[PDB]
Amino acid sequence: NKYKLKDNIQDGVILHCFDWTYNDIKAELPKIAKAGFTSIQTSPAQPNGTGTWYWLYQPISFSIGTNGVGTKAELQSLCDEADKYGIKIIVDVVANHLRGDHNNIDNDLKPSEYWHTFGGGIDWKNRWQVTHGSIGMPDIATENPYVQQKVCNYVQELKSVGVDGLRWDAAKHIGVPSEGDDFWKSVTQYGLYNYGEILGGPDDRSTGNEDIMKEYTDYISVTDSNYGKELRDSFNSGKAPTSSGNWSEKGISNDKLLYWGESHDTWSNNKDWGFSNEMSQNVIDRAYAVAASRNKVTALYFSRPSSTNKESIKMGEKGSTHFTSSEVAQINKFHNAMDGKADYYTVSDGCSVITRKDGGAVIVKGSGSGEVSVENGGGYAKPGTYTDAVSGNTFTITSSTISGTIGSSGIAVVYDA
């Protein structure tokens, strides 16, 4: 374990080489290991439609097949090689529907009883319709024990091929046990690492929704749209995020949470929400730096496709390699060391500024780079003079402030290299 990769994943950091093959991922593991990532998200392993990337996100079954990033055997081999590094296998799964017309799917799920048959016309404040409307694409009867059994059989297949953890799409549209939906029990029983997809809270109402987020997070860690909003807003407007983390400021525990530089969705469909496919590398990396900085919040880097439109972006390609950059590289070994050296979050000097107790620090300006004289958040970061890992310039930490010249990343980071 040359690069000291972790056992953990929530207390951990992730890459998605977005629809790069198993073989691509497998071959680059030495490099990914030098780049310090403990874990890797991958797209759903079922048999699929090909080409336009979402045809993997529209699989015919809840079973592994040969697929747009390779065979089941190549996945296993990736699992094997990852385990030679000890690297952790994360698989993305779309639970709440298979391929968008039922006539294509697993024949034992085709019957209407396996679906929430409410169809379109969801009021986004109606929690039940949000969890029960087929959005043109189906909406599965997620509370149904056999719907859970189908997913269980797939999760068993995934763990049987050495999958170490999972991501869940459409978690907003999945229920909770108080809504009769033990789906979460039915997947967490596999003892896997997990997290889930939510945007705009559990539904778009003001209040009480926090308790639905609690009941979800009693099983899972989760995404955040409104942190994503202020992130995209702030760093595209050349500003740092004023919040340290939105739903944790709404009282949720950090081990229940994830943030990103961008979601694949905010690049991979169309620009009204796909907007990041026309917003800069070193604009959006600003958000990645803030996200990965947070203690016990889990975090992911994303490989930007060869294309900037829903119809134009495809599966089966080696996307952008900006993870080879200094900033993305520094962020990971920083996590690896600063795990358990808890954080203080601030904004200082027009930057998010984050300091790790008896440990390192991060600075992230809303835009640009240069000299800084930022607050040592809570006095957490260890006083001393160091190389800033990001620029290679000299930086100094003191009990009150940190200083030095930030590189064009707009991001600076320090540790005992």
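Per the deposited record, the coordinates in this entry were obtained by cryo-EM to a resolution of 4.6 Å.

Caption draft 1: Representation of the overall build of the protein chain within the structure. Within the protein chain, the secondary structure is distributed over 12 helices and 16 strands. Computed over C-alpha atoms, the radius of gyration of the protein chain comes to 21 Å, within 12% of the 22 Å expected from 2.2 N^0.38 for 417 residues, which places it in the range of a compact globule. Oriented by its inertia axes, the alpha-carbon framework of the protein chain measures out at about 65 × 45 × 40 Å. The 417 residues of the protein chain split such that 57% are buried. Residue pairs at least 24 apart in sequence account for 69% of intrachain contacts in the protein chain once pairs closer than 6 positions are excluded. Entry remark: accessible area of the protein chain is about 15700 Å², with carbon and sulfur atoms responsible for 47%. Between the mean site of the 39 positive side-chain charges and the mean site of the 51 negative ones, the protein chain shows a separation of 4 Å.

Caption draft 2: Representation of the sheet that holds strand β13 (residues 384-387) within the structure. Pairing is antiparallel across the open sheet formed by 4 strands, whose spatial order is β12-β15-β14-β13. Only two strands of the sheet have a single neighbouring strand rather than two, namely β12 (371-375) and β13. Geometrically, the sheet is characterised by an average inter-axis angle of 15° between neighbouring strands, direction not taken into account. The pairing of β12 with strand β15 (residues 401-405) spans 5 bridges and is classified as antiparallel. By the bridge assignment, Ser373 is partnered in β15 with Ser403.

Caption draft 3: View of the domain arrangement of the protein chain. Parsing the protein chain into structural domains produces domain 1 (13-340) and domain 2 (344-414). Centre-to-centre, using C-alpha coordinates, domain 1 lies 31 Å away from domain 2. Contacts between the two partners involve 23 residues from domain 1 and, on the opposite side, 22 residues from domain 2. Taken as a group, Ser293, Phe334 and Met338 account for 29% of the area that domain 1 buries against domain 2, more than any other trio of residues on that side. For the pair domain 1 and domain 2, the number of links is 0 salt bridges. In this structure, the connection of domain 1 to domain 2 is made through 11 residue pairs in polar contact. Ranked by residues supplied to the side of domain 1 that touches domain 2, first place goes to helix α11 (residues 281-293) with 6 residues. Looking at side-chain class alone, the side of domain 1 that touches domain 2 contains 8 nonpolar, 9 polar and 6 charged residues.

Caption draft 4: Quick peek at the pattern of salt bridges. Counted under the stated rule, the structure contains 20 salt bridges. Linking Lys229 and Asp233 is a salt bridge whose minimum nitrogen-to-oxygen distance equals 2.8 Å. On the criterion of helical spacing, the pair formed by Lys229 and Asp233 is a turn pair, its members being 4 residues apart in helix α7 (residues 225-236). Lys382 is paired through a salt bridge with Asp416; the nearest N and O atoms lie 2.8 Å apart.

Caption draft 5: Structural context of the nonpolar core. Core analysis: the biggest nonpolar cluster contains 85 residues, and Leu109, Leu158, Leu166, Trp168 and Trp184 have the highest contact counts within it. Counting contributing residues, this core receives three or more from each of domain 1 (13-340) and domain 2 (344-414). Here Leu158 is in contact with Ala45, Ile64, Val91, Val93, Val163 and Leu166, once residues within four sequence places are set aside. Counting 17 residues, the second largest nonpolar core, distinct from the first, contains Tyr57, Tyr193, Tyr195 and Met315.

Caption draft 6: Geometry of the pairing of strand β3 (residues 88-93). Of all the 6 residues making up β3, 5 are buried; the element is thus mostly covered by neighbouring parts of the structure. Crossover strand β2 (residues 39-42) to β3 through helix α2 (residues 72-85) is right-handed. The pairing of β3 with strand β4 (residues 165-168) spans 4 bridges and is parallel. The partner of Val93 across the bridge, within β4, is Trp168.

Caption draft 7: Highlighting the sheet that holds β3. Ordered in space as β6-β5-β4-β3-β2-β1-β8-β7, the 8 strands form an open sheet in which the pairing is parallel. Bordering the open sheet on either side are β6 (221-222) and β7 (258-260), each of which pairs with just one other strand. With respect to the sheet, helix α4 (residues 145-160) is in contact with β3 and β4, its orientation differing from that of β4 by roughly 140°. The strands touched by α11 within the sheet are β7 and β8 (298-302), with β8 carrying the most contacts at an inclination of about 160°.

Calculation criteria
Residues numbered from 1 in each chain as written, not as in the entry; some residues may be left out. Heavy atoms only, no water. Helix = DSSP H or I, 4+ residues; strand = E, 2+ residues; numbered from the N terminus. Rg over C-alpha atoms; globule rule 2.2 N^0.38 Å. Buried < 20%, exposed > 50% of the residue type's maximum accessible area, 1.4 Å probe, protein only. Contact = heavy atoms within 4.5 Å. Areas by Shrake-Rupley, 256 points an atom, 1.4 Å probe, with all protein chains shown as cover. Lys, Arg positive; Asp, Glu negative; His and termini not counted. Charge placed at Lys NZ, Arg CZ, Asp CG, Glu CD. Pairing = 2+ DSSP bridges. Axes fitted to C-alpha atoms, helices over the stretch in contact; angles between N-to-C directions. Domains from an automatic or database assignment. Buried area = accessible area lost by both parts, 1.4 Å probe. Salt bridge = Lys/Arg side-chain N within 4 Å of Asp/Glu carboxyl O. Polar contact = N/O pair within 3.5 Å; in protein donor to acceptor, adjacent residues only side chain to side chain. Nonpolar A, V, L, I, M, F, W, Y, C, P; charged D, E, K, R; others polar. Core = buried A, V, L, I, M, F, W, Y, C linked by side-chain atoms within 4.5 Å. Right-handed = clockwise from strand over helix to strand, strands pointing away.

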